[PDB]
Structure formats: structure tokens, C-alpha cells
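Peer 1: Right, I'll just put the structure down here and ask away after.
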Amino acid sequence: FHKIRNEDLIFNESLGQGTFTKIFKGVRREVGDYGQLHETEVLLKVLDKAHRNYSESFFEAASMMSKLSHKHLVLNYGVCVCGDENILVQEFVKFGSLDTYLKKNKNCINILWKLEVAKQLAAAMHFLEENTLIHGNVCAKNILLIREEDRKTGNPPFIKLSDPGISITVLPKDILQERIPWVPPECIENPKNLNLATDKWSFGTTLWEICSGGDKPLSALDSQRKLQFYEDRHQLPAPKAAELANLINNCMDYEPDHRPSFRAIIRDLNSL
Ligand SMILES: Nc1nc(Nc2ccc(S(N)(=O)=O)cc2)nn1C(=O)Nc1ccc(OCC(=O)O)cc1
């Protein structure tokens with residue numbers, strides 16, 4: 001990662017929190033192309049000082065994905081390691097995370113919008129699968145909306161997948177349980193079961209989010225009941241808009257080896 005000076009970063013408003021991180025909108029002063037000076041909006045992801053032990057996991061995962069440039073993968077500008085904070089300096093996506101976008105725009109979003117976003121997310125995941133890179137935290141919060149749909153120009157929405165974050169292979173067990181049903185059953189049984197098949201399960205959960213107006217599946221269940229949900233081998237309820245429910249359930253297969261390839265997922269999406 002390119003090293004960015006603290007003096008060249010301005011921290012502005014808080015945009016919430018991630019997993020052991022605090023999120024800020026900011027500005028980066030930089031020399032750009034042709035030597036032109038720019039002040040660039042950036043997303044600043046700040047690893048909590050009280051969790052400095054997780055620093056390696058978060059930045060290594062952001063790094064590994066940043067080694068694969070792709071139109072549906074978020075761009076990382078570099079890191080700021082000045083002072084006592086570890087900061088990922090990321091592109092600022094205008095419309096933020098999809099989980100909040102789905103809630104705020106539930107009435108406006110139709111099946112065509114959902115299918116397009118699903119197709120784009122599957123394209124990103126197919127790219128990762130072909131490169132044998134595990135994301136490990138596919139969820140609507142980690143889908144960033146670059147561009148809204150514009151029916152006036154027929155422009156579809158455009159999304160990117162955010163950085164993996166701290167690996168579930170090092171996260172505390174209680175955070176993993178709260179991340180049911182995005183974390184697949186085999187990773188609850190053993191977080192070292194993390195595998196490409198992990199992302200197929202979480203992709204199913206993410207489609208469920210996309211189809212559920214920003215609702216969080218199983219949010220009414222506490223961590224103990226989420227554990228028992230997997231023990232009893234339940235599936236998620238079909239979303240009211242059920243057009244993707246079969247695909248959701250096919251992806252959320254309790255047998256990891258039976259989960260379909262992203263190529264097959266894409267073929268299925270193209271058939272709707
Ligand atoms: N690159 C980027 N650009 C924006 N732009 C943005 C954000 C919010 C708004 S808001 N509030 O006014 O609606 C508007 C714009 N967000 N962003 C992200 O990476 N967010 C993000 C933050 C934390 C995450 O954590 C996941 C986890 O670690 O569990 C995941 C994702």
C-alpha cells in the first residue's frame with residue numbers, strides 16, 4: 001500500500017462503525033496526474049486503537065484484494081500509519097452502503113434493480129472465485145453504491161464490493177455468532193473452514209438482504225437462537241418478493257461442496 005501522510009488527510013464527519021473500525025468522510029490533498037494538485041474526497045477506515053492486535057488481518061485482506069484491480073471492487077488509495085492510528089484510505093462512494101440504501105429506498109426498488117445489483121455482485125464474486133481469493137464478509141453493508149439507477153438514460157445502478165475487513169478466522173466467537181446467517185454453518189463450527197464456498201453462502205444471505213428492503217435476516221434471534229437455527233438446519237424465509245428465493249436457498253446450502261459456482265449463479269440470474 002502507498003503510504004499517505006497524516007498531514008495530507010483531513011477528517012470530517014463520522015459515517016458510523018465497522019467491525020472494530022470507525023468510519024469517517026475525509027479529504028486527501030494529493031498531487032495527481034500532470035502534477036495537478038487535488039483535494040479528493042476519501043473514506044477513512046480507522047482501526048480502533050483498543051483493538052490494535054487486529055491490524056494485520058484488516059490491512060492484509062484489503063491489500064490482497066487491492067492486488068486485483070476490477071471495476072466492481074473498491075479502490076484503496078493507501079494507508080496512513082502516522083501516529084497511533086492505522087487508517088485505510090479508500091475511495092469515497094457517493095451513495096454509501098447498500099443495506100442503508102435498501103431501507104431508505106424500499107418503495108422505489110423493483111426486481112429489475114435487484115437483478116442488476118445481484119448480477120454485478122455475482123460478477124465481482126466470479127472474478128474473485130477465478131482468482132481463488134476469499135472475501136469472507138459478503139453482505140449488503142459491504143456493497144457500495146457508486147451510481148444510482150437512472151431510468152431517464154436507462155443507466156443501471158453500479159455497485160462495488162468493499163474490502164474484506166478483519167477475517168472471521170481471527171474474530172471473536174461472539175462476533176461470528178452475531179454474524180449468523182452471513183457466516184456459514186461450517187465456519188461457526190470451525191472458523192478455519194473458511195473457503196471459497198464461504199462466499200457462496202454469504203452471497204445467498206446478501207441476496208436475501210437485497211430482496212428484503214434492508215431487513216436483516218434473523219435479527220429477531222439472539223446469538224443463542226442463531227446458533228440453534230444452524231443446528232436445526234433451517235433456511236431463511238423466502239422474501240415477500242420471492243423471485244430470487246430459490247437461488248438464495250441454493251446458495252445457502254448446508255453442504256459447502258454443493259453450493260453452485262458463481263458461473264452457475266450468473267447463468268441462473270441471467271435466466272430470470
Ligand atoms: N468506500 C465507501 N464510501 C462510502 N460512502 C458513504 C458512506 C455512508 C454514507 S451515508 N452514511 O451518508 O449514507 C454516504 C457515503 N462508504 N464506504 C465504505 O466503505 N463504507 C463502509 C464502512 C464500513 C463497513 O464496515 C463493514 C464491517 O467492517 O463490518 C463497510 C463499508
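By order of appearance in the C-alpha cells: chains A, B, ..., then residues from 1 within every chain, and ligands from 1 in the order shown.
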May I ask you to write as a PyMOL selection string all residues lying at most 9 Å from ligand 1, with only C-alpha atoms and all ligand atoms counted?
Peer 2: chain A and resi 14-25+42-45+74-76+89-98+100-101+137+139-146+160-166
Peer 1: Among the residues of stretch 72-215 of chain A, find those DSSP assigns to strand (DSSP E or B) from the backbone and print them as a list in words.
Peer 2: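 Of stretch 72-215 of chain A, only residues 73, 76, 77, 78, 79, 80, 86, 87, 88, 89, 90, 91, 97, 143, 144, 145, 146, 147, 150, 155, 158, 159, 160 and 161 of chain A fall in strand (DSSP E or B).
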Peer 1: Using only C-alpha atoms, tabulate the residues of stretch 171-208 of chain A lying at most 10 Å from any atom of stretch 121-132 of chain A, each with its closest atom pair and that distance in Å to one decimal, by chain and increasing residue number, as CSV.
Peer 2:
```
residue,atom,partner,partner_atom,distance
A:195,CA,A:132,CA,9.2
A:196,CA,A:129,CA,6.8
A:197,CA,A:129,CA,9.3
A:199,CA,A:125,CA,7.9
A:200,CA,A:125,CA,8.5
A:203,CA,A:122,CA,8.0
A:206,CA,A:121,CA,9.4
A:207,CA,A:121,CA,9.3
```
Peer 1: Those same residues - N, CA and C atoms - I'd like them written as a tab-separated table (two decimals), in the first residue's frame.
Peer 2:
```
chain	number	residue	atom	x	y	z
A	195	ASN	N	-13.37	-20.82	3.18
A	195	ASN	CA	-13.13	-21.46	1.89
A	195	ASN	C	-13.87	-20.62	0.86
A	196	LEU	N	-13.55	-20.82	-0.42
A	196	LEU	CA	-14.34	-20.16	-1.45
A	196	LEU	C	-15.83	-20.42	-1.25
A	197	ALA	N	-16.19	-21.63	-0.79
A	197	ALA	CA	-17.60	-21.95	-0.58
A	197	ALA	C	-18.26	-21.05	0.46
A	199	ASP	N	-18.10	-17.82	0.56
A	199	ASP	CA	-18.66	-16.64	-0.08
A	199	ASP	C	-19.94	-16.97	-0.84
A	200	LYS	N	-20.12	-18.22	-1.27
A	200	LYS	CA	-21.37	-18.57	-1.92
A	200	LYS	C	-22.53	-18.54	-0.93
A	203	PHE	N	-23.16	-14.84	-0.11
A	203	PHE	CA	-23.84	-14.26	-1.25
A	203	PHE	C	-25.34	-14.51	-1.21
A	206	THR	N	-26.79	-12.27	1.27
A	206	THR	CA	-26.78	-10.91	0.75
A	206	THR	C	-27.91	-10.70	-0.25
A	207	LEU	N	-28.16	-11.69	-1.12
A	207	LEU	CA	-29.34	-11.61	-1.98
A	207	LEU	C	-30.62	-11.49	-1.16
```
Peer 1: Hey, which bits of stretch 89-112 of chain A sit within 12 Å of stretch 240-263 of chain A, and for each residue what's the closest pair of atoms and how far apart in Å (one decimal), counting only C-alpha atoms, rows by chain and increasing number, as CSV?
Peer 2:
```
residue,atom,partner,partner_atom,distance
A:106,CA,A:241,CA,11.6
A:109,CA,A:241,CA,11.1
A:110,CA,A:241,CA,9.2
A:111,CA,A:243,CA,7.8
A:112,CA,A:243,CA,10.5
```
Peer 1: When you count only C-alpha atoms, which of these residues is closest to residue A:191: A:148, A:5, A:169, A:209?
Peer 2: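 Closest candidate: A:169.
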Peer 1: Excluding residue A:231 and residues on its chain fewer than 5 positions from it, collect all residues at most 12 Å away from it, counting only C-alpha atoms, and give them as a PyMOL selection string.
Peer 2: chain A and resi 180+184-186+188-189+224-226+254
Peer 1: Identify, with DSSP run on backbone atoms, the residues in stretch 22-199 of chain A assigned to helix (DSSP H, G or I), and express the list as a PyMOL selection string.
Peer 2: chain A and resi 33-35+49-66+98-104+106-108+111-130+140-142+173-178+185-189+191-193+196-199
Peer 1: Nearest residue to residue A:82 out of A:38, A:70, A:3, A:234, using only C-alpha atoms?
Peer 2: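 So, comparing all the options, the nearest one is A:3.
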Peer 1: Which residue is closest to residue A:120? Choose from A:135, A:71, A:152, A:179 and count only C-alpha atoms.
Peer 2: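 Among A:135, A:71, A:152, A:179, it is A:71 that comes nearest to residue A:120.
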Peer 1: Can you tell me how far atom CA of residue A:213 sits from atom CA of residue A:103, in Å to one decimal?
Peer 2: 5.2 Å
Peer 1: I want to know what sits within 10 Å of residue A:113, based on only C-alpha atoms, with residues of the same chain fewer than 2 positions away left out; could you give that as a CSV table (one decimal) with C-alpha atoms, in the first residue's frame?
Peer 2:
```csv
chain,number,residue,atom,x,y,z
A,108,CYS,CA,-38.6,2.7,-5.3
A,109,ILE,CA,-36.5,-0.5,-5.8
A,110,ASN,CA,-38.0,-3.1,-8.2
A,111,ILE,CA,-37.0,-6.6,-9.2
A,115,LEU,CA,-31.4,-8.4,-10.5
A,116,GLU,CA,-28.9,-5.9,-11.9
A,117,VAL,CA,-27.2,-5.5,-8.5
A,118,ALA,CA,-27.3,-9.2,-8.0
A,119,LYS,CA,-25.7,-9.7,-11.4
A,148,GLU,CA,-28.0,5.2,-8.8
A,149,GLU,CA,-30.2,3.8,-11.5
A,156,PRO,CA,-28.5,0.8,-14.3
A,157,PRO,CA,-27.1,1.2,-10.8
A,210,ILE,CA,-31.2,-7.2,-1.4
```
Peer 1: Pick out the closest residue to residue A:204 from this set: A:235, A:53, A:271, A:66. Count only C-alpha atoms.
Peer 2: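 Ranking A:235, A:53, A:271, A:66 by distance to residue A:204, first place goes to A:235.
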